[PDB]
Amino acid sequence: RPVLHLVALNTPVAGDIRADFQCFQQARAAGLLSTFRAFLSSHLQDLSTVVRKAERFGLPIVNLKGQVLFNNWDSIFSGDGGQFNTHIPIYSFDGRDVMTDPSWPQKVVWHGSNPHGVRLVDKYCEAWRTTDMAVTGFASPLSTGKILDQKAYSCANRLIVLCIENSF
């Protein structure tokens, strides 16, 4: 019974990240053999295109424990900001709830995308290669109940990065 898992990196990270590599390594460290890609927009890569076309409509997006977050991939980019249920835990590869655990002082997620999951070249920490304070990236405060809220955060801030199973 088909679903795609959305899991957080084990530590908050600043704007200089080797995202896809971190998702792959931590996924494998947790014993997961599926293909995880970063839930981010980057150089010539829109966030909405990360998941394969074949899995964008009928597979619910669940957390590590199987609890449903979104009914499918496509619905996240309708324009509402990817409204999800804040009463559901968002687990990291090692099993900690990003929402409650004090290890993540800022409950905000990096994304560098507009409400349609399209890349914002001037809002994604230079394609995630800088921690400079004067540079910003778009991130979403999980308190708003949205995964794609449009808020500016300095690239120096250590925030949450999610990984998504790109195919089934």
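Note that residue numbering follows the sequence shown and begins at 1.
For the pair 96 to 104 and 121 to 129, the record assigns the higher mean C-alpha temperature factor to 96 to 104.
Between 156 to 164 and 11 to 19, it is 11 to 19 that carries the larger average Cα temperature factor according to the deposited entry. In the deposited coordinates, the residue among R56, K65, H111, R28 with the greatest CA B-factor is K65. Ranked by Cα temperature factor within the chain, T35 sits in the highest third according to the deposited record. The deposited CA B-factor of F77 belongs to the middle third of values across its chain. In the deposited entry, the Cα temperature factor of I61 places it in the lowest third of its chain's modelled residues.
Annotation for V51: C-alpha temperature factor in the middle third relative to the rest of the modelled chain, per the entry.
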